[PDB]
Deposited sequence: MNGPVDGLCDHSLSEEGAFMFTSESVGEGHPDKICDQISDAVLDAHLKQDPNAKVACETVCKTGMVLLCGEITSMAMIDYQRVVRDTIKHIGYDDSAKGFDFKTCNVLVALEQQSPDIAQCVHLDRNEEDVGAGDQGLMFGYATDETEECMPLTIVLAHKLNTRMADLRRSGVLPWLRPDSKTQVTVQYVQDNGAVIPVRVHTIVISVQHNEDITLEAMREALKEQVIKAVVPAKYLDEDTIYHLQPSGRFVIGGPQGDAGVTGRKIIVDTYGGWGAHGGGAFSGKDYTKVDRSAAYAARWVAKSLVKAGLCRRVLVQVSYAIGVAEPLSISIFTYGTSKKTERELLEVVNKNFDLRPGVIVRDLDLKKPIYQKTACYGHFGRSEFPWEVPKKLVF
């Protein structure tokens, strides 16, 4: 039942993603000394100018200059011409820091969860490839293979699909668009060649690459001193690339900069968890689990499972499977998923869902 889809992703150098990382870096820096630290911060950046804002109630001694500059360094901004230098950029800290199981969900909410068997990650091929494409570029950048490669990049992958008496089966990569920052001493012809052979063909399964597959490598020509500027960088502005690439559903809640007590993050992770567990357990080929919460109440206020006719069990058979295998209460979520651990920075880029190294990405057994 043919249709096509497109998804995107951005590198660690993207203005918005730098803020997402810095914000989560500050979250990590607190969890390491106080796992109960209340973090609520965000970052704004604009050409060698980083503004750290936020309200964080914690009891740990942190050098914000150090955590911000170290994060910028990690990203690859050490030289001037790159559009950012951790040693010279302005780090204005306007941060306010205080000191002092059946909890109860804060703020009325509605979190979504999604999973599909089109890839081993249980994530849309389009977004998976989009992320992996950026990931590979960072590898070649940090390894030395492609020393002209710079931190800021953007990726878009559009794949042609076809339904199947249930749902979504990828057929081939229709077109790929990739833009990456770079050094001056490297020709546009050499860049486009390396992007096709060393990055695209080194991550995209042969089955999907075609003789007609369209490539748009460095479409706008050069992107040298571009760097993280883009008029300004902000936290929580890359909401769709952090999730399913426009495939599931999204209420609008941002992750980065918020601790484990905010249902926007925790519950979203939990919903992904059960979604991935369901398909992994063969109970369905594609699911959209919807978990609702009521302010004050701990136990979820109605969870809905949305298979697209890919399950044999039948919604409200699968719900009991979830109700017998999962305890989606806020407090239990953080305990079961180990959400007091400082893994948030690595979650701030290349997507929150998909990578198996995260607790919520490890499928639960599911006793049926």
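J.: Please give the gaps, as residue ranges numbered from 1 in the deposited sequence, where no C-alpha is present.
T.: Absent from the structure are positions 1-16, 117-128.
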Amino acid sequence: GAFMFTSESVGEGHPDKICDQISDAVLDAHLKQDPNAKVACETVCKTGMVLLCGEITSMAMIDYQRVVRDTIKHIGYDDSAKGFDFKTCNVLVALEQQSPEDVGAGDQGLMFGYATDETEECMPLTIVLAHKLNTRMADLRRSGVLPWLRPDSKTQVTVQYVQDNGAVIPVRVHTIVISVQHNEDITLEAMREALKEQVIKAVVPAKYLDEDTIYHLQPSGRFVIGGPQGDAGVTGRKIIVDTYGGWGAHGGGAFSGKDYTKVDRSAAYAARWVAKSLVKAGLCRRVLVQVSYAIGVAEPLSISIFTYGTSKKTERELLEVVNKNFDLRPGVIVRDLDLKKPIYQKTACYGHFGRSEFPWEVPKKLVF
From here on, numbers count along this sequence of modelled residues.
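J.: So, looking at the entry's B-factor column for Cα atoms, which has the higher mean, 233-241 or 138-146?
T.: 138-146 has the higher mean C-alpha B-factor.
J.: Given the B-factors recorded for C-alpha atoms, which segment has the greater mean, 207-215 or 262-270?
T.: The stretch with the larger average C-alpha B-factor is 207-215.
J.: Which of these has the highest Cα B-factor in the record: 45, 339, 61, 39?
T.: Reading the PDB entry, the winner on C-alpha B-factor is 61.
J.: Specify which of 246, 253, 104, 124 carries the largest Cα B factor in the deposited PDB entry.
T.: The C-alpha B-factor peaks, among 246, 253, 104, 124, at 104.
J.: Should residue 166 be placed in the lowest, middle or highest third of its chain by the C-alpha B factor in the entry?
T.: Answer is highest: the recorded C-alpha B-factor places it there.
J.: Please place residue 86 in the lowest, middle or highest third of its chain according to the CA B-factor in the PDB entry.
T.: Residue 86: CA B-factor falls in the middle third of its chain.
J.: Please place residue 321 in the lowest, middle or highest third of its chain according to the CA B-factor in the PDB entry.
T.: It falls in the top third of the chain.
J.: Report the third (lowest, middle or highest) to which the CA temperature factor of residue 95 belongs, ranking only the modelled residues of the same chain.
T.: According to the entry, residue 95 has a C-alpha B-factor in the chain's middle third.
J.: Tell me, lowest, middle or highest third: where does the Cα B factor of residue 117 rank within its chain?
T.: According to the entry, residue 117 has a C-alpha B-factor in the chain's highest third.
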